[PDB]
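Here is the structure we will look at, set down as structure tokens.
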Amino acid sequence: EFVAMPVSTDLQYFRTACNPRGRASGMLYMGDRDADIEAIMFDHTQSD
Amino acid sequence: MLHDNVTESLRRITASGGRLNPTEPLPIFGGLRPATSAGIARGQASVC
Amino acid sequence: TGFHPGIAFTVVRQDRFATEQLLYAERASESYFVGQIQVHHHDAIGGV
Amino acid sequence: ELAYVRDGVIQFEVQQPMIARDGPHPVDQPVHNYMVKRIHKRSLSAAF
Amino acid sequence: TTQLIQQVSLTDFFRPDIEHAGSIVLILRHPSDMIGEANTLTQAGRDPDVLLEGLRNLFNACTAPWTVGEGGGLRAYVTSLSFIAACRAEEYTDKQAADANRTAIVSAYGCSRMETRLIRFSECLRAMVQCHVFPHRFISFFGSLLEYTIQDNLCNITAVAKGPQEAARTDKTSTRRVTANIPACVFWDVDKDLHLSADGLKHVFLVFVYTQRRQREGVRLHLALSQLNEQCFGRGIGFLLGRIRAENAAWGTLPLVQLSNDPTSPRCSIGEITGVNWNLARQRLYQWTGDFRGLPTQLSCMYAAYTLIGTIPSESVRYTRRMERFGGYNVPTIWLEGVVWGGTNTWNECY
Amino acid sequence: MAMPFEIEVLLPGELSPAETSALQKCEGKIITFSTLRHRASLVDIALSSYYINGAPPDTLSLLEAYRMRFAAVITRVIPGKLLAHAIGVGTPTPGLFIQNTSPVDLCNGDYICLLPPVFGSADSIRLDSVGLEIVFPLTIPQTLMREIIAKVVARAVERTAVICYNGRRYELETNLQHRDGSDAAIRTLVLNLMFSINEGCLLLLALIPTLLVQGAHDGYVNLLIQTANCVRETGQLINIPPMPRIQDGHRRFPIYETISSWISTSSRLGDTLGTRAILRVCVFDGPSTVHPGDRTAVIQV
């Protein structure tokens, strides 16, 4: 499967483990027990 | 600074290039603080 | 914009590692006195 | 009891040998050291 | 040791056998006093007959609507926090925690004339803000629910008005003891929103929030925990309610030093004052028109009120959230452990 | 809870005998804790906890702290720890006592408010072992707290732009080390001064020429008119035409509004520009008055 992306997305992101969405996600990074779970995956105002 | 517009300009520009900034309207009980991120990945962010 | 204004910086940051200590204590290195156990009660959620 | 103690101390004394030396050198004498310590106070606590 | 109050009342806004023992219950002032206070306190330019109309409309859809005037002794004295929380169940932020309470309270009281008695209560509370006799003058804190006994439409209520909640023996059932209890819609701890500490004694407040906007205003009821004493809880909630304070401020409605410092300015004496003169008073001295009209007032800009009802003297305060059977349905509740009820229900208003 | 809320401040066991003999004498003095725990440490009441941005506070920020913070009373100092009683949460506190820390005497019955040290220098403790200076709030009667709070907020306004008692004068040493608390107080003064004016105030404003004649016909009014540095000047220099007809005047009453919504903003002016009253002296069988330094028997409000 192919995912479109700019031609300038630097390579050092692909020289290790990574995510095709280009942004980490998931329950593992919750930090707190009440943190917004779908604000890690989508909310693009907070840094990755 | 002498003018109160250059100060807001500087404080917005410096916030455009980092994530530690105090992005809140001045709270009365705490002094100043950064916003709580939704997640955390690699440990405690060491301030340079 | 990417212009070098003739000045340089020396970045400083401090990191904190978790170690595993190794202690050696000679025989009779401490003289350890003990007292007497006293007790005082105190009111609570409705009991003692 | 140990609870009425203000400051219980410990004393010390050590004698040191010497060496004779035909001149020219500073002729020496025997020396004695008198040293005193003092204890610290701590506590413990549990509850139910 | 504790204290207990006992009050026999009707069974309209409080059915003390679906209510979990340990919930808080509220007292209601005689409704005939609103029709006296409205005449004086309503704002010049509004018909005070709206509150009278709504109040008459409410008790018609109630129990036996007689002796609801003055000489009537036996009436509906008490109401539960759940009832007021379920009539304004659209103004609470947590929609899921509130609509369930409303559904359970409508389908649990075993009545079809309910849900027509809840719409009337909310209209009455909304009118009371529009006529400037706020609900914080006609409701207060009756004790926690401890023990009851009921008959045909007649209920007898026991409470606990002072002392520790858990040092109270209910001989009926289930460990002979009773714990505090509120529905999760009304609960919010300000020390978390203000980002404050945790370890320490906390107080328990009762907060009314007022919005001043004609024909679409609103009011809700809250129960808050905070590490701030009563003198500084206003500065607390005054910060988390900016958009209501400001909108109420603006959507609900003399150079003496100079002339007194000019030793050549026209000035009369103490022995010259005969104000009956149409010249000496009006024309000679500096004329000025007052026009203190339509200006922001106290009763208009008031956006909230609160009173201290108890305290939690623990090190760290601990509360849960367990969905309990509220008579057929399940509602998100919150159990407060170790509450010692204070008193002297003195309300502090915000501005 | 049925017992009085006890606090246990743990003293460091490495002090000097004089450094703890001074603490032995501070029984009956008032201290304040940010949070109300059962096991506090000596770092929670020293001058380190009254820090705003890493600096010693002024007489205006300390004033805000004294009403923001919980209060307690030191009752006895044993060699190990320090035992204290909480004041304003749990009523049970029988036989509570309080040492008069003030220059002026305390008479029976007065309410007690607590001031940061303004009369000269403070009588404090300098525990140089761990490096903590502990200051204790004063104990001033409520009928005298309100004079000094006024004399200091007036000076705050004057910046941004002596006291007699029982026939004895004193001088203030109140200082303003910055400019934020001054305005945090000025805004409250002006706000509370701004929520008093209403429609019915004009009918009170038309009585100034009549109060000026009743000050010449009577004796008690002639003293009230001297201090009124405005009513005494307007009553001979300004005029007002009759008021307009009251909107819905058949129904409402404006003066009742303007003097009902006036007591509120005056039962708060003291408790916001200053501190509330927490205790009041009730000496059942002890001496009547109290000189500086003698323990009293109080009962919490």
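Residue numbers (the authors' numbering), protein chains in the order written: chain R, 1205 to 1252; chain G, 1157 to 1204; chain H, 1061 to 1108; chain L, 98 to 145; chain Z, 118 to 370, 385 to 482; chain D, 1 to 161, 177 to 316. Even for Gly, the Cβ is constructed at its ideal location relative to N, Cα and C.
Applying the 10 Å Cβ sphere with the 16-neighbour rule, what's the burial state of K289 of chain Z? exposed
Rounded separation between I256 of chain Z and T475 of chain Z - CA only: 14 Å
Do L42 of chain D and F70 of chain D have their C-beta atoms closer together than 7 Å? no
Mapping DSSP to helix, strand and coil, what is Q1200 of chain G? coil
Leaving out the 5 sequence neighbours to the left and right, which residues in its chain are closer than 7 Å to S16 of chain D when beta-carbon positions are compared? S129
Proximity to residue 38 of chain L [Cα-Cα], best of H:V1094, H:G1066, H:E1080: With chain L running from 98 to 145 in the structure shown, residue 38 of chain L is simply not present.
Check whether the segment 132-145 of chain L touches the segment 100-119 of chain L, counting contact only when three or more Cβ pairs, one atom from each stretch, lie closer than 8 Å. yes
How would you list, in chain order, the residues of chain L whose beta-carbon sits under 8 Å from the beta-carbon of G1095 of chain H? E98, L99, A100
Between the segment 160-173 of chain Z and the segment 231-245 of chain Z, do at least 3 Cβ pairs fall closer than 8 Å? yes
Could you name each continuous alpha helix (DSSP H) segment of 4 residues or more that falls completely within the segment 180-222 of chain Z, going from the start of the chain to the end? 198-204
Below 7 Å between beta carbons: does that hold for residue 371 of chain Z and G139 of chain Z? Within chain Z, residue numbering steps from 370 directly to 385, and residue 371 of chain Z belongs to the interval with no atoms modelled.
Per-residue DSSP class, three states only, for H339 of chain Z: strand
CA nearest to the CA of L252 of chain D, picked from Z:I404, Z:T210, Z:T292: Z:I404
Bridge-paired residues (DSSP) for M1209 of chain R: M1209 of chain R pairs with nothing; no bridge assigned.
My output table needs one value for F322 of chain Z: the three-state DSSP class, helix, strand or coil. strand
Nearest to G120 of chain D by alpha carbon, out of D:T311, D:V205, D:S102? D:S102
I'd like the span of the alpha helix (DSSP H) that includes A18 of chain D, first residue to last. 17-24
If you draw a straight line from the C-alpha of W305 of chain Z to the C-alpha of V324 of chain Z, how long is it? 10 Å
Helix, strand or coil at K151 of chain D according to DSSP, with G and I counted as helix: helix
Considering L239 of chain D, what are the terminal residues of the beta strand (DSSP E) in which it resides? Unbroken run through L239 of chain D is the alpha helix (DSSP H), 235-242; no beta strand (DSSP E).
Between the Cα of residue 165 of chain D and those of D:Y180, D:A156, D:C179, spot the shortest distance and give me the residue it belongs to. Note on chain D: numbering goes from 161 to 177 directly, and residue 165 of chain D within that interval has no coordinates.
Touch test, the segment 86-101 of chain D against the segment 21-29 of chain D, Cβ-Cβ under 8 Å, three pairs minimum: yes
Are the CB atoms of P463 of chain Z and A297 of chain Z nearer to each other than 7 Å? no
Per-residue DSSP class, three states only, for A72 of chain D: strand
Please confirm if the segment 305-317 of chain Z is in contact with the segment 350-358 of chain Z, defined as three or more CB-CB distances below 8 Å between the two stretches. yes
What's the gap between the Cα of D44 of chain D and the Cα of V128 of chain L? 48 Å
Per DSSP, what are the beta-bridge partners of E110 of chain L in this structure? L:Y131
Using DSSP's beta-bridge definition, name the partner residues of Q418 of chain Z. D:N254
Kindly give me the distance between the Cβ atoms of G260 of chain Z and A278 of chain Z, rounded to whole angstroms, as I take these residues to be in contact under 8 Å. 4 Å
Does any residue of chain G have a CB that is nearer than 7 Å to the CB of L311 of chain Z? yes
Going by DSSP, which residues form a beta bridge with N53 of chain D? None, per the DSSP bridge assignment.
Counting C-beta neighbours from all protein chains within 10 Å, is the total for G80 of chain D 16 or more, i.e. buried, or is it exposed? exposed
Determine the direct distance from the alpha carbon of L222 of chain D to that of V236 of chain D, and round the result to whole angstroms. 13 Å
Could I get the ranges of all uninterrupted alpha helix (DSSP H) runs contained in the segment 222-279 of chain Z, with 4 residues as the minimum, in chain order? 235-247
Determine which residues of the segment 417-443 of chain Z have a Cβ less than 9 Å from any Cβ of chain D, and write them out in chain order. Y417, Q418, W419, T420, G421, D422, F423, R424, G425, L426, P427, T428, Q429, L430, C432, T442
State whether the segment 50-61 of chain D contacts the segment 1074-1089 of chain H, with contact taken as three or more CB pairs (one from each stretch) at a distance under 8 Å. no
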